[PDB]
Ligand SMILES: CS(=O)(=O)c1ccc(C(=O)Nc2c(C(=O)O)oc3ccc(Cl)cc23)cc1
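Quick setup: one chain, the form solved without the named molecule, written in structure tokens, and binding and motion questions come after.
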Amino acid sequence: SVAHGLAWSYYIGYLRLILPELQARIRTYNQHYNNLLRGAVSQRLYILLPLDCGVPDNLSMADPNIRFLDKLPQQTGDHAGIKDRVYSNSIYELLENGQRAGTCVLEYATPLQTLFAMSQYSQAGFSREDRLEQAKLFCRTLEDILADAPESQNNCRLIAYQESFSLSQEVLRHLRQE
């Protein structure tokens, strides 16, 4: 299954590698690089899962209330022959009524971009209906992996959505629960 392989590669090649050290990288940022007068970055990696697989490269293009602020400390390591491969994450501010209502580590799940592009390339033999069903299967498999995964211990939140709708608000709703 396309989505089954994609869900497992996202855990094996990314989540299980960065989640153990995520809270440490955030506490490091909150103490030494975060502006002294600002709210602390929240402790979890928030992952956006648009089921229509529309994954823009700039998050501020999906909502103007979502604005880039800073990058976490970079995590590097040797991986499949690549020396010091860089895993980077970005901190965003979420604006409500124009003012900062919260800060969090936010990104899209990249494998959804793969399902999108696969639906566009003829040689992939992958229809736009395949995409919606595989997008849902990808998220189910992922939350099933992370439930049993030892690396996910209150440090990761999946935010699936389908499109009116405000992404900045959908994130803030999860953020306000904690």
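Residue indices: 1-based, along the sequence shown.
There is also a form solved in complex with the named molecule; it is not shown, and the following applies to it.
**Study point:** Site status for the named molecule placed as in the deposited bound form, C-alpha superposition, 2.4 Å backbone or C-beta test
**Key:** In the deposited bound form, the named molecule occupies a site that, on this form, turns out blocked once the ligand is superposed onto it.
Check your understanding: Can we say 40, 43 and 46 each have a non-hydrogen atom within 4.5 Å of the named molecule in the deposited bound form?
Key -> Not a single residue of the candidate spot has a heavy atom within 4.5 Å of the named molecule in the deposited bound form.
Check your understanding: According to a 4.5 angstroms non-hydrogen atom cut-off, is residue 119 in contact with the named molecule in the deposited bound form?
Key -> No.
Exercise for review: Could you confirm whether residue 157 comes within 4.5 Å of the named molecule in the deposited bound form, counting heavy atoms only?
Suggested key: Close contact is absent here: in the deposited bound form, residue 157 is far from the named molecule, nothing within 4.5 Å, heavy atoms only.
**Study point:** the named molecule contact at residue 102 in the deposited bound form, heavy atom, 4.5 Å
**Key:** Result no; residue 102 lies far from the named molecule in the deposited bound form.
Review point. So in the deposited bound form, does any heavy atom of residue 33 sit within 4.5 Å of the named molecule?
Key: Flag for residue 33 set to yes.
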